[PDB]
Amino acid sequence: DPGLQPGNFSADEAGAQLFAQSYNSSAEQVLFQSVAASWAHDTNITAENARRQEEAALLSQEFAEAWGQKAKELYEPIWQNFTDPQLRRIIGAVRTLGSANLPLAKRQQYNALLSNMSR
Ligand SMILES: *[C@@H]1O[C@H](CO[C@@H]2O[C@@H](C)[C@@H](O)[C@@H](O)[C@@H]2O)[C@@H](O[C@@H]2O[C@H](CO)[C@@H](O[C@@H]3O[C@H](CO)[C@@H](O)[C@H](O)[C@@H]3O)[C@H](O)[C@H]2NC(C)=O)[C@H](O)[C@H]1NC(C)=O
Ligand SMILES: *[C@@H]1O[C@H](CO)[C@@H](O)[C@H](O)[C@H]1NC(C)=O
């Protein structure tokens, strides 16, 4: 999936600018499909759309996982010094991977814990 895989960037601030300029481009399609699935679950019948919403959430999560992982791997040492609040905040938001940092078994346990809690 081209949306799932980010591009090739450098470690400089201009590379970070290209990074943050492609992030919105991917976010357009992925967030659009996510909001469309949520709308279908909400504005229409709840049946035959819950699995659509679930798969949309899964693909959005994979998008964020890959893009944030690349963000961290490239700009962990230079995340602080950027001399511009906009891209600094963009990199700060993308860097935070949430629960994605956990290994496979730990992440599965965490998600199943959340599901059991809500249920
Ligand atoms: C909570 O979730 C479990 C599944 O477990 C999930 O993964 C774990 C690694 C933890 O992170 C959990 O928090 C996480 O939710 C639901 O599945 C239930 O699991 C049990 C244990 O495996 C199943 O077997 C039971 O085991 C013993 C005997 O071996 C007896 O208690 C029962 O007779 C039963 O066999 C159980 O069938 C299974 N239930 C399902 C699949 O419906 C669990 O329902 C859910 N809620 C609670 C209250 O635990
Ligand atoms: C960017 O770097 C990655 C590092 O694995 C490499 O695989 C990829 O081909 C590079 N992209 C381009 C367009 O050269």
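Taking 0.36 nm per residue of separation and subtracting the Cα-Cα distance, what length does fully extending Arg51 through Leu104 add?
Gain on stretching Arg51 to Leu104: 16.8 nm.
From the phi angles alone, apply the Karplus equation (6.51, -1.76, 1.60; θ = phi - 60°) to segment 34-48 and give each ³J(HN,Hα) in whole Hz, x where the residue is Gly or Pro.
Ordered by residue, 3J(HN,Hα) equals 5, 5, 5, 5, 4, 4, 4, 5, 8, 5, 10, 4, 6, 6, 6 Hz.
Would you report the distance distribution of C-alpha pairs in segment 1-48 as whole percents per 10 angstrom bin, up to the bin with the largest distance?
23, 35, 23, 13, 6
When the distances between all Cα atoms of the chain are binned every 5 Å from zero, what whole-number percent does each bin get?
So the P(r) values, bin by bin, are 2, 10, 17, 18, 17, 15, 10, 6, 3, 1.
Bear in mind that the values in this text are calculations on the coordinates, not laboratory data.
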